[PDB]
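Read through the structure below, which is laid out as structure tokens, and then see the notes.
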Amino acid sequence: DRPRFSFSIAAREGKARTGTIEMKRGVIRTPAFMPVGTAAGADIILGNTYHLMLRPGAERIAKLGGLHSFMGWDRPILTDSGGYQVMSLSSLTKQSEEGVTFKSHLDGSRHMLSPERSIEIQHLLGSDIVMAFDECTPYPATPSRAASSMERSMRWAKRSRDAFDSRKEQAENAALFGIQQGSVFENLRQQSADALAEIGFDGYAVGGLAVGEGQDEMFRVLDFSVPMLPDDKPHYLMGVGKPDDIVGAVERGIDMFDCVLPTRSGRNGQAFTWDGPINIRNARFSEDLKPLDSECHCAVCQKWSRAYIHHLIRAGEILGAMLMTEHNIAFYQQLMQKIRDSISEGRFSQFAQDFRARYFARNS
Amino acid sequence: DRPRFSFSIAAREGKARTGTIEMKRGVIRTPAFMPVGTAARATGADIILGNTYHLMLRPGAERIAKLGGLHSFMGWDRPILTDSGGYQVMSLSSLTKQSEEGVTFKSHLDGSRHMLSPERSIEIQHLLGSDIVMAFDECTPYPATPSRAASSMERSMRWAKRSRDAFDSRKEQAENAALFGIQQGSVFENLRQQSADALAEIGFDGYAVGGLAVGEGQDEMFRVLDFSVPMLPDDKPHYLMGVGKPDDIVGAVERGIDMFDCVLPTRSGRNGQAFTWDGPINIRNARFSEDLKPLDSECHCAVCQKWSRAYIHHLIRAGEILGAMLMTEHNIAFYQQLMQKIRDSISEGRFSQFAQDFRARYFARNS
Ligand SMILES: CNc1nc2c(CC[C@H]3O[C@H](OC)[C@H](OC)[C@@H](OC)[C@@H]3OC)c3nc(N)[nH]c(=O)c3cc2[nH]1
Ligand SMILES: CNc1nc2c(CC[C@H]3O[C@H](OC)[C@H](OC)[C@@H](OC)[C@@H]3OC)c3nc(N)[nH]c(=O)c3cc2[nH]1
Ligand SMILES: [Zn+2]
Ligand SMILES: [Zn+2]
Numbered sequence: 010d011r012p013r014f015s016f017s018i019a020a021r022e023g024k025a026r027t028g029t030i031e032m033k034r035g036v037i038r039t040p041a042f043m044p045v046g047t048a049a063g064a065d066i067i068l069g070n071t072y073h074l075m076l077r078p079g080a081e082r083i084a085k086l087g088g089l090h091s092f093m094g095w096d097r098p099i100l101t102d103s104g105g106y107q108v109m110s111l112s113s114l115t116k117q118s119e120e121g122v123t124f125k126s127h128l129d130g131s132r133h134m135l136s137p138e139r140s141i142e143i144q145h146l147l148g149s150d151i152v153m154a155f156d157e158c159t160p161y162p163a164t165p166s167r168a169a170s171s172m173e174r175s176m177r178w179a180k181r182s183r184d185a186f187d188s189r190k191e192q193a194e195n196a197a198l199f200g201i202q203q204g205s206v207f208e209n210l211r212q213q214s215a216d217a218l219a220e221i222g223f224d225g226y227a228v229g230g231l232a233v234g235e236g237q238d239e240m241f242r243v244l245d246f247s248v249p250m251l252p253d254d255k256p257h258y259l260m261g262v263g264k265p266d267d268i269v270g271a272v273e274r275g276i277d278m279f280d281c282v283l284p285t286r287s288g289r290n291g292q293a294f295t296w297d298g299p300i301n302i303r304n305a306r307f308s309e310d311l312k313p314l315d316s317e318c319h320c321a322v323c324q325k326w327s328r329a330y331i332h333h334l335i336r337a338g339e340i341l342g343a344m345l346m347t348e349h350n351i352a353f354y355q356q357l358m359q360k361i362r363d364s365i366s367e368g369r370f371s372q373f374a375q376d377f378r379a380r381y382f383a384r385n386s
Numbered sequence: 010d011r012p013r014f015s016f017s018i019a020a021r022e023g024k025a026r027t028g029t030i031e032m033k034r035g036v037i038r039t040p041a042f043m044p045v046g047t048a049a060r061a062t063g064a065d066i067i068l069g070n071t072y073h074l075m076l077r078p079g080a081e082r083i084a085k086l087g088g089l090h091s092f093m094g095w096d097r098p099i100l101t102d103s104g105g106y107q108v109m110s111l112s113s114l115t116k117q118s119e120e121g122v123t124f125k126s127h128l129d130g131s132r133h134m135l136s137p138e139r140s141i142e143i144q145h146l147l148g149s150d151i152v153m154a155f156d157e158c159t160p161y162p163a164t165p166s167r168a169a170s171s172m173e174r175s176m177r178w179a180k181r182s183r184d185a186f187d188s189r190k191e192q193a194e195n196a197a198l199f200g201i202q203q204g205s206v207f208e209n210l211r212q213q214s215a216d217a218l219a220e221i222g223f224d225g226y227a228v229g230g231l232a233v234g235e236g237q238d239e240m241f242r243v244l245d246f247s248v249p250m251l252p253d254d255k256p257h258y259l260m261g262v263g264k265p266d267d268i269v270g271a272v273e274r275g276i277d278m279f280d281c282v283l284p285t286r287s288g289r290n291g292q293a294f295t296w297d298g299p300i301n302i303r304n305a306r307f308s309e310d311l312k313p314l315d316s317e318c319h320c321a322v323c324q325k326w327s328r329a330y331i332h333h334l335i336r337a338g339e340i341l342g343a344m345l346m347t348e349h350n351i352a353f354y355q356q357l358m359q360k361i362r363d364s365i366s367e368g369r370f371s372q373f374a375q376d377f378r379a380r381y382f383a384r385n386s
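Protein chains in written order, with full-length UniProt numbering: chain S, 10 to 49, 63 to 386; chain W, 10 to 49, 60 to 386.
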């Protein structure tokens, strides 16, 4: 009944788009924020493949029914390829054209990542959207280093395509995304996009960003990089990001987002609100009887005041960071919905202006 | 078959004791460290703990009861101890209305309101299916004037009697669980003696030393334990709430403590601190980026058989939450290994030597 992977765009404004990705396990409304999944509202959740590879192991995840039964989640699941850990854990890796081997453990165990093995692991995880095994080029990088890195990733992208297509069950029920690299350099971005389009992918991710370059540099790279990708295919900005990062990226053609800030902020005493992020540990909140956000519809905001959460956190009650995290996750979905609504109305440019004016005034 | 609650002392050295607490759900080897339980062997604990105040608010004591109590909630058939809320009475006092009846918390944005009292606290701990129940007390804030410490301790002692009666009013709880009284009095010796006498007049299966590990410092805490622990019944377990660092545990055992709890193993593991026999290490230090050794060369835990300092250092630097999970899993296991070496050394008559050796190696910091 449902298609394997059908991306439809229902409304546009400037470079921004809103629409749906239809898959066998459900519909993904775009622009989308995709939260990190955990072991047992968003349309799709994510699995940290490298993490699951080590704990409890991809084969064990497979034997217990894949990530859908592992996370109690019957809707789509996207998995990364490991290309980010290829960089972020590079000091523990031996890297070559064949792939990436990690340092042997104290028990003899050894893990390796390659275009073939990464697609095999993501298949074992039962993921619905598979990412090519790439390398997230570190920042900053010389044009020479960015070029060799991107070019290797593109050869890895072709191997990921073949490895995905070599498995009948995976090729007929999942989808494959290519990942554009090239650091901040326009000619290399164009090379990667062309190389990805020559191979063919269901969706196209903009990789190698949100690695310390700053929002101004990131927006500048998206300005020329997103229009290099196929316009009739989803655009996924990996690792992004702050709410204002999300809004500006949507302005530049991104349909899919992921990042760990909702949980990382909630564990560090930071809550996202329509008036900007607040540091709940600040003394101004010690007697603030308002919820974290006066408009938020999440469960936390219907029950918990800033004062209560501020004292929970000051008192060492871990429940306080859990409520902050639960609010931040829900706030992110509320942001994406308002984005989708405003594009559908033809008022996205006005929403982005109003969002920024209120988010940066910080009248919390 | 098994008794409700039987504490046996198998060996002693100075004020230190090792032995067993026997309960219907299993044996607790003492001195014991009791880790925080969550929702579902040399590193294994005999009893785990429930944050009653947390569970009261999420998901609720009644809901925990309907799903089979904390034993099925945490997938744990061995004993479970629950706190009473007396610490949150202090730590969240700015959100409370306190009176002789009990402690009422600030109403929520949904109309909901939570209150704690000696009667309701024992009722909640019963609903949680707890095996060891703590009296509803008040952990007196530090510092405190002698006047404030006195009114606080005396209120807690009246609450302790109400906790006893409320515990005894429920036949199933009274026949299958155990009740601990909590000594207060801040750092003041005369008040500690009043609290002990008052608790022993009432009668409890075990006696906790409350109101410590609240910022007084190890030197002050040891000074209070010097006179406070011998005020308690010698043939009953002694539980030091909130303690603590490994060197706090060793010194407390030297002064007669049989039971410990604290969140430092998880709090340290989430902040990049691992406990080792050479003292704590900050895994984030660059010295560990290529350190091929495990966190600790002697540790028998699962992490130390597989994971090097170098790998965990880079996991944490790379933002991989798995790094903090391994640090945490090692810290929890090291804690049980410390308690075992403590129990072994008392049984051998060598605890005083172990304590000297432990401190010499732990503080030299030759990691
Ligand atoms: C922060 N800036 C950021 N993160 C990039 C991730 C990783 C995304 C990944 O980020 C965490 O893993 C580490 C998340 O795990 C907690 C994953 O969610 C499960 C998430 O995978 C979708 C990239 N992944 C690949 N394969 N390639 C990239 O170029 C790339 C760029 C990123 N920038
Ligand atoms: C840090 N110094 C510390 N913690 C004291 C706790 C609470 C222990 C409690 O500490 C966390 O709750 C807050 C733990 O939850 C995460 C509880 O374990 C589940 C644990 O309950 C046994 C005390 N509790 C009572 N009832 N009375 C006390 O006098 C007392 C003294 C403490 N000192
Ligand atoms: Zn909220
Ligand atoms: Zn270990």
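By construction, the Cβ of each residue, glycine as well, lies at the ideal position given by its N, Cα and C atoms.
For residue 268 (chain W), the secondary structure class from DSSP, reduced to helix, strand or coil, is helix. Taking CB atoms only, residue 379 (chain W) has no neighbour in chain S less than 8 angstroms away.
Contact check for residue 296 (chain S) and residue 380 (chain S): beta-carbon distance about 6 angstroms, within the 8 angstroms limit, so the pair qualifies. By the criterion of a C-beta distance shorter than 6 angstroms, residue 309 (chain S) is surrounded in its chain by 329, once the five residues flanking it on both sides are discounted. In the DSSP annotation of this structure, the continuous segment of the alpha helix (DSSP H) that includes residue 346 (chain W) starts and ends at 340-367. If only complete runs of 4 or more residues are kept, the segment 209-289 of chain W shows the alpha helix (DSSP H) at 237-247, 265-272 and 283-289, in order along the chain. With fewer than 16 other beta carbons inside 10 angstroms of its own, residue 126 (chain W) counts as exposed. In the DSSP assignment, residue 301 (chain W) forms a beta bridge with W:292.
Under the three-pair Cβ rule at 8 angstroms, the segment 362-371 of chain S does not count as touching the segment 90-102 of chain W. Among the residues facing chain W, residue 38 (chain S) is not included, as its CB has no counterpart in that chain under 8 angstroms away. Contact annotation for residue 326 (chain S) against chain W: 127 and 128 [CB-CB distance below 8 angstroms, chain order]. Identification of chain W residues near residue 337 (chain S) by a Cβ-Cβ cut-off of 8 angstroms yields 107, 110 and 111, ordered along the chain.
By the Cβ criterion, the segment 190-209 of chain W is in contact with the segment 163-170 of chain W, since at least three pairs of Cβ atoms, one from each stretch, lie closer than 8 angstroms. Excluding residues up to 5 positions away in sequence, 27, 28, 29 and 366 lie with their Cβ nearer than 8 angstroms to the Cβ of residue 19 (chain W) in the same chain.
Within 7 angstroms of the C-beta of residue 70 (chain S) there is at least one heavy atom belonging to ligand 1. Secondary structure note for residue 85 (chain W): it is in no beta strand (DSSP E), and the uninterrupted alpha helix (DSSP H) holding it is 80-85. Boundaries of the beta strand (DSSP E) around residue 116 (chain S): 115-117. Cβ-Cβ separation between residue 338 (chain W) and residue 331 (chain W): approximately 13 angstroms, too far for a contact (criterion under 8 angstroms). Close partners of residue 330 (chain S) in chain W (Cβ separation under 8 angstroms): 114, 125 and 127.
Across the structure, residue 386 (chain W) and residue 265 (chain W) are spaced so that their CA atoms are roughly 16 angstroms apart. For residue 73 (chain W), the neighbours in chain S by C-beta distance under 8 angstroms run, in chain order, 339, 340 and 341. Remark: the shortest separation between the CB of residue 335 (chain S) and any heavy atom of ligand 2 does not fall under 7 angstroms. CA-to-CA, the gap between residue 104 (chain S) and residue 69 (chain W) works out to about 37 angstroms.
Secondary-structure assignment with DSSP links residue 313 (chain W) through a beta bridge to W:327. Of the heavy atoms belonging to ligand 4, none sits nearer than 7 angstroms to the Cβ of residue 19 (chain S). Beta-bridge annotation (DSSP): residue 134 (chain W) is paired with W:123. By the Cβ-count criterion, residue 304 (chain W) is exposed, with fewer than 16 other Cβ atoms from all chains shown falling within 10 Å of its own Cβ. When beta bridges are read from the DSSP output, residue 109 (chain W) appears opposite no residue.
Residue 333 (chain S) reaches chain W at 111, 113 and 114, counting residues in chain order whose Cβ is nearer than 7 angstroms. According to the DSSP assignment, residue 35 (chain S) belongs to the beta strand (DSSP E) that extends over 35-39. According to DSSP, residue pairing for residue 25 (chain W) in a beta bridge involves W:22. Of the candidates S:336, S:175, S:128 and S:35, the residue whose Cα lies closest to the Cα of residue 100 (chain S) is S:35.
S:384 is the residue among S:384, S:71, S:179 and S:89 whose C-alpha sits nearest the C-alpha of residue 293 (chain S). Listed in chain order, the non-local C-beta contacts of residue 276 (chain S) below 6 angstroms within the same chain comprise 257 and 259, local neighbours out to five positions each way being set aside. In this structure, the alpha-carbon of residue 306 (chain S) lies about 20 angstroms from that of residue 350 (chain S). Look at residue 171 (chain W) here: in three-state DSSP terms it is helix.
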